[PDB]
Amino acid sequence: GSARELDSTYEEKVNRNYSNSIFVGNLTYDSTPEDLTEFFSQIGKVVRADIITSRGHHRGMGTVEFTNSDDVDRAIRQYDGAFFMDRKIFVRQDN
């Protein structure tokens, strides 16, 4: 008896839960740590951003540090793909 039957199951889960830091590899080479600070820190608190270097070789990439280990990811969910001075930032987590 019966025909065309089916079955499936689902769950919610997370991984790699550690650190308080983030990296950005495709932003504008004119960006300052202050430009990333006023951007990211609307979520809560950036404690440090970094982009400018003493050698200055046109790098186009930098780092940001938060007070948080989960809301720091909830930031990126709203900012990865941001066209930023016409040039699209893309984010990588710490490790």
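Residues numbered from 1 in each chain as written, not as in the entry; some residues may be left out. Heavy atoms only, no water.

Method of determination, as given in the entry header: solution NMR.

Caption draft 1: Structural context of unusual backbone geometry. The phi angle at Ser2 is positive, at roughly 75 degrees, despite the residue not being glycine. Structurally, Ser2 is set in the segment before β1 (21-24). Here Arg4, not a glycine, exhibits a phi torsion of approximately 60 degrees, which is positive. By the element assignment, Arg4 lies in the segment before β1. Accessibility expressed as a relative area gives 85% for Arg4, which makes it exposed. (Helix = DSSP H or I, 4+ residues; strand = E, 2+ residues; numbered from the N terminus. Buried < 20%, exposed > 50% of the residue type's maximum accessible area, 1.4 Å probe, protein only.)

Caption draft 2: Main features of the nonpolar core. The biggest cluster of nonpolar side chains holds 19 residues, and the ones touching the most others in it are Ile22, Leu36, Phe39, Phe40, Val64, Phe66 and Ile89. Where this core is concerned, the elements lending two or more residues are β1, α1 (33-40), β2 (46-50), β3 (62-66) and α2 (71-76). If we ignore the near neighbours within four places in the chain, the residues touching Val64 are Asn20, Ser21, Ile22, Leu36, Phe40, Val46, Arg48 and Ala49. (Core = buried A, V, L, I, M, F, W, Y, C linked by side-chain atoms within 4.5 Å. Contact = heavy atoms within 4.5 Å.)

Caption draft 3: Representation of the side chain of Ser21. Inspection of the secondary structure puts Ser21 in strand β1. At 3.4 Å, the side chain of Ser21 and the backbone oxygen of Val64 are in polar contact. Aside from chain neighbours lying at most four places away, what touches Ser21 is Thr63, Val64, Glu65, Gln93 and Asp94. (Polar contact = N/O pair within 3.5 Å; in protein donor to acceptor, adjacent residues only side chain to side chain.)

Caption draft 4: The arrangement of the packing of aromatic side chains in detail. Considering all chains together, one arrives at five aromatic pairs under this definition. Arranged with centres 5.1 Å apart and planes meeting at 90 degrees, the rings of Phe39 and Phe84 form a pair that is edge-to-face. You can see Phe39 sitting in helix α1 and its partner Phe84 sitting in strand β4 (residues 83-84), a full 45 residues away along the chain. As far as the burial class goes, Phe39 and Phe84 line up, both buried. Where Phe40 meets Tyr79, the ring centres are 5.2 Å apart and the plane angle is 85 degrees; that geometry is what we call edge-to-face. Placement of the pair is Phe40 in helix α1 and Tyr79 in the loop between α2 and β4, with a sequence separation of 39 residues. The exposure class assigned to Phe40 is buried, which follows from its relative accessible area of 0%. According to the relative accessible area criterion, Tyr79 is buried, its value standing at 12%. Each residue in the set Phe39, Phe40, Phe66, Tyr79 and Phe84 is aromatic and connected to the rest through ring pairs, giving one cluster. (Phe/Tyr/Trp six-rings, centres within 6.5 Å; stacked < 30°, edge-to-face > 60°.)

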